[PDB]
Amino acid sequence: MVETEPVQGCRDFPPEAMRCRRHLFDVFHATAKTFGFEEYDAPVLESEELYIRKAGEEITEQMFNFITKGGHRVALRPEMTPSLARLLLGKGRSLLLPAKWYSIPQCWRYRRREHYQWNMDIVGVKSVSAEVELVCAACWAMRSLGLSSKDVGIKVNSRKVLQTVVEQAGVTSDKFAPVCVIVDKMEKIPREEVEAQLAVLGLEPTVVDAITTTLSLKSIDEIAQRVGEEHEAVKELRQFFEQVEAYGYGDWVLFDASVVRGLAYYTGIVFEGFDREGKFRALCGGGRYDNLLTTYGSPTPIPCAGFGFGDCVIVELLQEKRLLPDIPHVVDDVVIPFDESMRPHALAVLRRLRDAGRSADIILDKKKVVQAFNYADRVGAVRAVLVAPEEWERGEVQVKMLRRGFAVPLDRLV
């Protein structure tokens, strides 16, 4: 026998599991539509060069890469944002801004080795309204799935606070991305180790202390005390919360000075969704990244913000909260030939049902009526349509509702 299990770290989606994935993806799509985002896609295979950012990111470290027959360095995408940037760079001035682009790529790593990730990005918007919209969209999706502000929230911060603190200590700006990557590890590794890694990057103890203290500040007012009310981060975070409040999602968002995210490229506001019971990893994660397109060679800087929202953590949360009931397969009609001599007539009926916009099966194999009826019930049919010779002479069929029996004229079926 062949190996029936999928390749290591990869998931099969038979119909039962696919209904769940589809339930989630319907919401991603519907939220994107609601918010005016346009769908896009790019190949799962990208040039390895696209991901060589040299900032010690977990995402780039764990790349599923390989060498082609022909010698080119390629990888299965670990994330979508670089692909997005490539596409935008390729369009150049022909791209109308602002642009709001979304996709649901499968992404890879070399435990799980694959996941689907809803991406939403806003391009060409300088102001925090982008971050506001992005954060509102994530919440909207979660609410659409049945979660409340009691179940989840979005922690929000700005990397600019830490940028100032780092820059005020004389630390070269090129070290800032590494600092964020390192400091992101606070939750997952001991503070001694995070401190040790910053030393290796070349930062003296008093600078590491200032970094640590600022991650512990518990309000925007406390940020304002340390760096000034006029500091960009304060201004931007205030606007952000004001706008979310106005949109009516105030209960869903909050400030957290320890949120930096682990990606090199975030320059401004960053955020991540979390379950308020502290049971799961981040539900989604994002931020502003205004320099990325410059680093790729854009002659003009291009503001961007966005987020990724994985398919795995959300499903665990929903299961825990009992918000993923099994969704059984449904079809409107199952057409049942009384016997094989009635199959041609049954096919005409089937045709008619489908032409009217109904989902319909015909029993394909040779079955007795009661077995056909059982099958109809298994596939979750709303209605069984028996095509029998006596009724057919009347220009009729027998109909029976499943969610005992009625003759109906052919023309009145739909």
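Note that residue numbering begins at 1 and tracks the sequence as displayed. Note that the rigid core is defined as the largest set of C-alphas that superpose within 1.5 Å between two forms.
For a rigid core alignment of each structure in 9 other deposited structures of this protein onto the shown form, which stretch has the higher root mean square Cα deviation: 141-149 or 70-78? Between 141-149 and 70-78, greater C-alpha deviation in 9 other deposited structures of this protein belongs to 70-78.
Which of 212-220 and 192-200 lies farther, on average, from the shown form in 9 other deposited structures of this protein once the rigid core is superposed (C-alpha RMS)? After superposing on the rigid core, the more displaced stretch in 9 other deposited structures of this protein is 192-200.
In at least a third of the other compared PDB entries, does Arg404 have no coordinates? Yes, a third or more of the compared structures omit it.
Could you bin the unmodelled part of the deposited chain lying between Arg394 and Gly395 as none, 1 to 3, 4 to 9, or 10 or more? Missing in between: none.
Per the entry, how many residues of the deposited chain go unmodelled between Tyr110 and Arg111: none, 1 to 3, 4 to 9, or 10 or more? Gap between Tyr110 and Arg111: 4 to 9 unmodelled residues.
Stretch exceeding the other in mean C-alpha B-factor - 63-71, 46-54: Looking at the record's C-alpha B-factors, the answer is 63-71.
Between the two ranges 253-261 and 169-177, the one averaging a larger CA B factor in the entry: The deposited B-factors put 169-177 ahead on the C-alpha mean.
Out of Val128, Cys136, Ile104, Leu217, residue topping the C-alpha B-factor column of the entry: Each of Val128, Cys136, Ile104, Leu217 was compared by C-alpha B-factor; the highest is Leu217.
Name the one of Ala17, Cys10, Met401, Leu24 with the greatest CA B-factor according to the PDB entry. Comparing C-alpha B-factors across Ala17, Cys10, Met401, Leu24, the maximum falls on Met401.
Is the Cα B-factor recorded for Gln197 in the lowest, middle or highest third of its chain? It belongs to the highest third of the chain when residues are ordered by C-alpha B-factor.
Ranked C-alpha temperature factor of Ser148 among modelled chain residues, by third: CA B-factor rank for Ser148: middle third.
Taking the chain's C-alpha temperature factors as the reference, tell me which third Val183 falls into: lowest, middle or highest. Its C-alpha B-factor belongs to the highest third of this chain's values.
Which third of the chain does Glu232 land in by C-alpha B-factor: lowest, middle or highest? Middle third of the chain for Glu232's C-alpha B-factor.
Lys33 - Cα temperature factor, lowest/middle/highest third of chain: Bottom third by C-alpha B-factor.
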